[PDB]
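*Asks:* The following block contains the structure, expressed as structure tokens.
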Amino acid sequence: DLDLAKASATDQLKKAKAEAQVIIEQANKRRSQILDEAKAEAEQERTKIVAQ
Amino acid sequence: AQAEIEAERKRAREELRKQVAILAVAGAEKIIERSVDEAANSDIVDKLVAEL
């Protein structure tokens with residue numbers, strides 16, 4: 001029973017770290033999409049004032 | 001964007017100045033040739049030979 005508990009214990013700790021990595025991956029990717037959208041809109045704001 | 005606007009203004013002002021500038025000399029040449037005469041021509045040659 002010691003070793004069978006250890007099985008699920010290491011499972012959960014490693015799996016927690018793994019999903020905690022995939023969430024931070026999503027974090028960075030969403031940062032990149034956010035920043036690219038902000039920049040691509042700011043450029044058309046500039047172009048609006050330029051055309052005015 | 002705000003400095004591109006100013007560069008456009010400078011460039012437009014310069015082109016306008018250029019046009020007026022060359023029309024000025026074209027007009028002055030036509031006025032001259034329509035208004036030069038012997039009484040003034042003799043006075044010009046007299047001036048320059050007085051300091052030749």
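Chain labels A, B, ... are given in the sequence in which chains occur in the structure tokens; within each chain residues are numbered consecutively from 1, and ligands are likewise numbered from 1 in the order shown.
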Give me, as a PyMOL selection string, the contact residues of chain B against chain A at a cut-off of 9 Å, counting only C-alpha atoms.

*Replies:* chain B and resi 1-2+4-5

*Asks:* One decimal, in Å: what's the spacing between CA of residue 41 (chain B) and CA of residue 29 (chain B)?

*Replies:*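 Computing it gives 15.1 Å between the two atoms.
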
*Asks:* For CA of residue 5 (chain A) and CA of residue 20 (chain A), determine how far apart the two atoms are, in Å to one decimal place.

*Replies:*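 CA of residue 20 (chain A) lies 22.4 Å from CA of residue 5 (chain A).
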
*Asks:* Rounded to one decimal place, report the CA of residue 28 (chain B)-CA of residue 40 (chain B) distance in Å.

*Replies:* 16.1 Å
